[PDB]
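Numbers and lists here come from the model and the stated rules, or from a named source; no laboratory read-out is quoted. Cβ atoms come from the backbone with ideal geometry, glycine included; neighbour counts cover every protein chain shown.
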Ligand code: HEA
Ligand code: HEA
Ligand code: CUA
Ligand SMILES: [Ca+2]
Ligand SMILES: [Cu+2]
Ligand SMILES: [Mg+2]
């Protein structure tokens, strides 16, 4: 139901989730200060991209959760585009024959 | 299973090769090394210019 | 003698090597412009026997030499490396071997540009080396490769110097100088170095992409293969507008010093000038497609780009109104840097007003690739940046050389270049508004009338350049006698109206920067103990 | 093998330039000047043929 | 290195004590720069048969 | 007036019209497999691509569809 | 329609686009002349009354009640010059119901025109290449570097759509009195429109550096009435 | 300390570098490299011996420059706290410049992919191009980079913690994992279907990941020189700045490899 509705927002949610994981892990790594700021940045970033690559293999898991919905896309709405581009040539051909 | 795919691809001669599209293997000038058409990591099994 | 100048590691020596190379390459670019303008004087072939390729190669050499080999190594390379350590109280720059290689990679760019001219036909492509003309089909041979390597070595120099500048003014400021208490020229070099650091990568990427397209059979901008030259236009001009703000921001700093010391009153609202320069530098990255109004963008693309190109007239207007406010109510001492600064304040505003005429994409369909654009940018270049460069030379030369120049000859030189530059670049608007295109060696006969008067003005400009060469000779030979006789201005500030001539003598220099307090020609170890500031 | 104090006592108490102060510097510095001297002047010899238009022999 | 101070010691070129006139060095430094595009013009016109 | 031309299309109402002639070309040549001969509105595609797409591109694409190197789906 | 010697203004308009471009340029130049008169009057009066001033008012640094004014006033003059510019920008882009398409393909140092509408009785596409008349074969009276051997002929009072592309390098289809300037890049097809309001002949040139024949690459458009256009097209 | 003895030092914390030949030597090496490649690209020079000699001279001159930097930092004691802060800031501006180079390359990929041409077929990846699948070897290449960062983090913090064997071993594991990544990229480049001449796809793909490949081989080189200087006791527990710059370099090459991964291998397939 919801699955493709935010699975074409797929690579726009995971970069936001990366930014969320780094800028959220930043306060948890910065609340206990004795390291210099660079070590806090590299450890928060080290956690955050483990999160984004785990979420990205969950991304391919969703990708084949989701297209047992309708098989063989990358063409079955080039079907859509070409089918109504076709008979929108039809809508012009008629009333230039009869207009 | 990709080395074995290259293994069975080594038995397909170049008239049975798919014809290159217009953008494939751009040859503006020949490469200044070697024999011309071969690039820097040109594996002759997976790459063929006919 | 070989360790001081070949193995050099002090910034004040690398600065004068930068200056010698800059004025040499400026003589080269002025000779190239004299040949261009002499060929353009009348219809038909005049001096180059047909041969429009040689004309195009000379236009390329003129633009590249004057931008990347005169104005950048003059302003940034000479004046920044000399004065920013002296005005923040640094003993030297941070990373000085970087500072030496950033000079010595410039003669190598020069020799590869000159042999780019001497091989098969030269690279006649414009200074914006657009594919597919700059490709291997339309330009066969090593000409464009060597021009691209010239751009690479100049970008290496201006990136290493930018890193050097950023670190040496964020790290080596003297012990009272917060960032708000910086001189305006230091803020100029600072913001310029950030623009360099943020913009030179995309240029290096684009012209390395072009070089791989030419020689390594790859297709970034090859249409039969999947490319697009509009990608080159984007990647170039994302550098190309930050480049022209890089050319002008140290000029703004030099003018803000000169105007204040010859009005004898401080700059009206200094921190708003810093904010204005930072806003120009920030907004210069958002305007790059005003050079691409014709290529076929959307209407909303062009609407945003007219809006963003228009709203940079606000901080430049703040700067220019602040310059008028800091000469209002002053005691103007009409010396040669002051003459150059007032000429800047007039001619730069005329160039900027033609710039806001060009900012409208609705209107730029009438003016793109015409001589109107040539008029706009040669105003704000050869009357903005060159006038601020001459102002910086006449403002700092006797201090940092120890030798005064002839004042009457300097004012003759100023009036000749101010006449001659106007006579070159003012009729170009007439030609461009009547439809005369760019980069043509020959034109229809109806354009002869203003082209003749422009090339007459070209000789006035190069005559004033020859006069400037003689002024340098007279400064280097008779510069110790110009202090003794009355051929020069010894003090750039007169006494105040109730200040005695003897009470002036204990406080001869009244400056807000360290540069005019130092020993003339400054010591090899200035600031043994650090300078101190409240 | 922790020669750093023994090398500090050489590098600080020396008259020679900094790239010459190590004992093994004559092994690096003398070949490099020959390799550098041929590497910078051999393209300059090919500059006139590139101006004239003479390509090298390959076949 | 400790370097010399003074008025003429900040420039790589010699001005005062010379066995040749300084205007030689000064104006031949700039005439070469003014004459690079003419060498360029000469060789690219001799390559195109105009001479 | 006997003068009639391609009108503007809501898919491509901007300045660049490359995917007008390319789309009408691929739409015409993927008519005649699914549609066939003598079909009355595939001359709409024909007038649209031959009115605004240049001759070099038309003969290049027809050569490429005889190659098997055409990058559209007309089979 | 043609440049004149010693001219200083636009060529005479022939389309509504160019006649709007002229009005927007003059409207911008109005406020530009206001600002130029202001700053040149200040720059004159300051250096003519304070060059002979021996006491400098060295305590004027802030000016709070007027810095906001000279920040605000440039912004409203930008708004005033930007109001008609957006209207012209969003008026010149629509190409609505044109009665003619013409393709113009820039090759290296000729243009190639192609009427592609099959309104002919021949029914075939009309193309021709238009080269510059060289200087040695100019018969007497012809305009140097502007005249061509063949011409592009267009009817008047007709919405025409120019579809512009190139073949090898970037060119520019530019005619100033019609007020069209459009880049011909070798990958894509741009379009502009025009409505020619008066008959005549209008010249233009390649305004993009094509190489060594860049100056020798002109455009010539004869706008005629529609009968004469039809009888021209009946041959070629 | 007394005034008489304080006067025998510098009064300011900054390194006044001695005059050095390597700026002009590297400049002439870049000249010879440019003039050699521009003439071997067009056949005016027979073979690649001039380009090989020029690159060798360039590399050895950079090595002698870095040797002098090591000598100044270790055997003369010239790197104070202000000099350390300046070197770290200069390396940060450097990595910002290289991130901007990669942003230009990502702009090239996106301008080719956001709306592709008609000569590829309004398609991405283009027709006939067999794209590299993101699951097999590039997944291992992400894993051995996220793990290389985790190794160099404990190697660093054990260098601070007084441990010697736990830092040398972590540095050795980091260096070997980086060369594992470089050999896996070589294996992918050999067993890749498309080449750099196969259109704009091969152009942008090999441009981005080959620039990353070159940065990784320089990363392996500087991890090696850090291992050398840690084994030979140059690096100390409080003053290890070249090591810190290498750690910054690993952690920015990690995130730009991730952007290359998710763009060139997931969104672009
Ligand atoms: C730095 C910018 C700069 C400067 C100063 C100039 C200066 C001049 N330029 Fe030009 N020009 C360009 C930048 C500049 N130009 C660019 C970017 C192009 C585009 C190329 C292209 O289209 O691709 C161009 C193209 C261009 C054209 C358009 C031709 C064409 O489109 O093909 C013309 C027209 O005649 C021209 C002529 C001149 C003339 C007569 C001068 C005269 O003003 C020269 C007189 C100036 C001086 C005499 C300056 C003083 C000399 C010094 C050396 C200063 C020394 C002082 C110190 C060191 C303190 N140049
Ligand atoms: C010295 C560098 C420099 C500077 C400072 C500028 C300043 C500006 N330039 Fe220019 N420009 C170039 C260098 C520069 N330019 C170059 C080299 C080219 C051609 C490149 C090529 O094609 O080869 C070019 C071309 C160029 C184009 C491309 C046109 C084309 O190629 O078809 C445009 C488009 O908008 C433009 C606009 C502007 C604007 C709006 C400013 C503004 O920043 C100017 C701001 C100043 C003022 C506006 C005047 C002062 C303000 C007031 C008095 C306040 C009151 C005024 C108003 C409210 C308007 N110029
Ligand atoms: Cu076609 Cu210029
Ligand atoms: Ca002429
Ligand atoms: Cu701009
Ligand atoms: Mg253009």
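Quick look at the numbers
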read-out: Residue check, residue C:220 assigned to a helix (DSSP H, G or I), away from ligand 6 (no atom under 16 Å from the Cβ) and facing chain H (nearest Cβ under 10 Å); value: no
read-out: Options H:247, H:187; residue that is over 19 Å from residue B:47 (Cβ atoms) and within 12 Å of another protein chain (Cβ to nearest Cβ); value: H:247
read-out: Tally of residues being away from chain E (no Cβ under 11 Å) and within 15 Å of the chain's Cα centre (by Cα) across segment C:27-69; value: 5
read-out: Leading residue by the ranking (farthest from residue C:17 (Cα to Cα)) among those in segment E:30-51 that are more than 7 Å from chain C (Cβ to nearest Cβ) and surrounded by 14 or more Cβ atoms within 10 Å (Cβ to Cβ); value: E:47
read-out: Long-range neighbours under 9 Å by Cβ, at least six apart or interchain, first residue touching a residue at least 60 places away in the same chain (Cβ under 8 Å) and within 7 Å of another protein chain (Cβ to nearest Cβ) within segment G:20-44, second part of a helix (DSSP H, G or I) and away from ligand 6 (no atom under 16 Å from the Cβ); value: G:21/C:362; G:21/G:88; G:24/C:362; G:24/G:81; G:24/G:84; G:24/G:85; G:24/G:87; G:24/G:88
read-out: Check on residue G:32, assigned to a helix (DSSP H, G or I) and surrounded by 15 or more Cβ atoms within 10 Å (Cβ to Cβ); value: yes
read-out: Strands (runs of 3 or more DSSP E) wholly inside segment G:136-226 containing at least 2 residues that are away from ligand 3 (no atom under 15 Å from the Cβ) and either touching a strand residue (DSSP E or B) at 6+ places or on another chain (Cβ under 6 Å) or touching a residue at least 24 places away in the same chain (Cβ under 8 Å) (or both); value: G:152-155, G:159-166, G:190-195, G:200-205, G:218-224
read-out: Pair list, Cβ under 8 Å, 6 or more apart: segment G:105-117 residue at positive phi, other residue outside any strand (DSSP E or B) and within 16 Å of ligand 6 (Cβ to nearest atom); value: G:109/G:210; G:109/G:211; G:109/G:214; G:109/G:217
read-out: Tally, over segment G:78-111, of residues that are touching a helix residue (DSSP H, G or I) at 6+ places or on another chain (Cβ under 6 Å), more than 9 Å from chain C (Cβ to nearest Cβ) and part of a helix (DSSP H, G or I); value: 0
read-out: Residues that are within 15 Å of ligand 5 (Cβ to nearest atom) and farther than 15 Å from residue C:362 by Cβ, drawn from segment C:293-307; value: C:295
read-out: Residue in segment C:230-252 that is free of Cβ contacts under 8 Å to residues at least 40 places away in the same chain, touching a helix residue (DSSP H, G or I) at 6+ places or on another chain (Cβ under 7 Å) and buried (at least 23 other Cβ atoms within 10 Å of the Cβ) present; value: yes
read-out: Yes/no for residue C:369 being out of contact with any helix residue (DSSP H, G or I) (no Cβ under 7 Å at 6 or more places or on another chain) and either touching a residue at least 60 places away in the same chain (Cβ under 8 Å) or more than 7 Å from chain G (Cβ to nearest Cβ) (or both); value: yes
read-out: Residue match in segment G:223-234 (condition: under 16 Å from residue G:111 (Cα atoms) and in the same structural domain as residue G:113 (by CATH)); value: no
read-out: Looking only at segment E:1-28, and only at residues there that are facing chain C (nearest Cβ under 7 Å) and assigned to a helix (DSSP H, G or I), the one that is farthest from residue C:519 (Cα to Cα); value: E:23
read-out: Unique match (being at positive phi and either more than 12 Å from chain C (Cβ to nearest Cβ) or surrounded by fewer than 24 Cβ atoms within 10 Å (Cβ to Cβ) (or both)) among G:147, G:157; value: G:157
read-out: Set C:1, C:20: member being within 25 Å of the chain's Cα centre (by Cα) and away from ligand 2 (no atom under 16 Å from the Cβ); value: C:20
read-out: Candidate set: segment F:37-51, residues that are touching a helix residue (DSSP H, G or I) at 6+ places or on another chain (Cβ under 9 Å) and more than 12 Å from chain A (Cβ to nearest Cβ); chosen: the one nearest to residue H:119 (Cα to Cα); value: F:50
read-out: Residues (within 19 Å of residue C:436 (Cβ to Cβ) and within 16 Å of ligand 6 (Cβ to nearest atom)) located in segment G:187-210; value: G:204, G:205, G:206, G:207, G:208, G:209, G:210
read-out: Qualifying residue in segment H:43-50 (condition: part of a loop (DSSP other than H, G, I, E, B) and within 30 Å of residue B:21 (Cβ to Cβ)); value: yes
read-out: Residue D:22, sole failed condition from (1) at the interface with chain H (Cβ under 7 Å from one of its Cβ atoms); (2) in contact (Cβ under 8 Å) with a residue 12 or more places away in the chain; value: (1)
read-out: Selected residue (only one of C:430, C:377 is assigned to a helix (DSSP H, G or I) and without any contact (Cβ under 8 Å) to a residue 40 or more places away in the chain); value: C:430
read-out: Given (1) buried (at least 23 other Cβ atoms within 10 Å of the Cβ); (2) more than 9 Å from chain E (Cβ to nearest Cβ); (3) under 16 Å from the mean Cα position of the chain (by Cα), number of the condition residue C:8 does not satisfy; value: (3)
read-out: So residue B:16, is it facing chain H (nearest Cβ under 10 Å) and part of a loop (DSSP other than H, G, I, E, B); value: no
read-out: Residue within segment C:376-388 that is within 16 Å of ligand 6 (Cβ to nearest atom) and surrounded by 24 or more Cβ atoms within 10 Å (Cβ to Cβ) present; value: yes
read-out: Criterion: part of a helix (DSSP H, G or I) and surrounded by fewer than 24 Cβ atoms within 10 Å (Cβ to Cβ) - qualifying residue of C:129, C:114; value: C:114
read-out: Selection status of residue C:212, assigned to a helix (DSSP H, G or I), more than 16 Å from ligand 1 (Cβ to nearest atom) and free of Cβ contacts under 8 Å to residues at least 12 places away in the same chain; value: yes
read-out: Residue selected from segment A:1-51 under the condition touching a residue at least 40 places away in the same chain (Cβ under 8 Å) and more than 10 Å from every other protein chain (Cβ to nearest Cβ), by the criterion farthest from the chain's Cα centre (by Cα); value: A:3
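Matching residues to (1) on the phi < 0 side of the Ramachandran plot; (2) within 16 Å of ligand 6 (Cβ to nearest atom); (3) within 21 Å of the chain's Cα centre (by Cα):
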residue	(1), (2), (3)
C:302	yes, yes, no
C:319	yes, no, yes
C:327	yes, no, no
C:332	yes, no, no
C:336	yes, no, yes
C:344	yes, no, yes
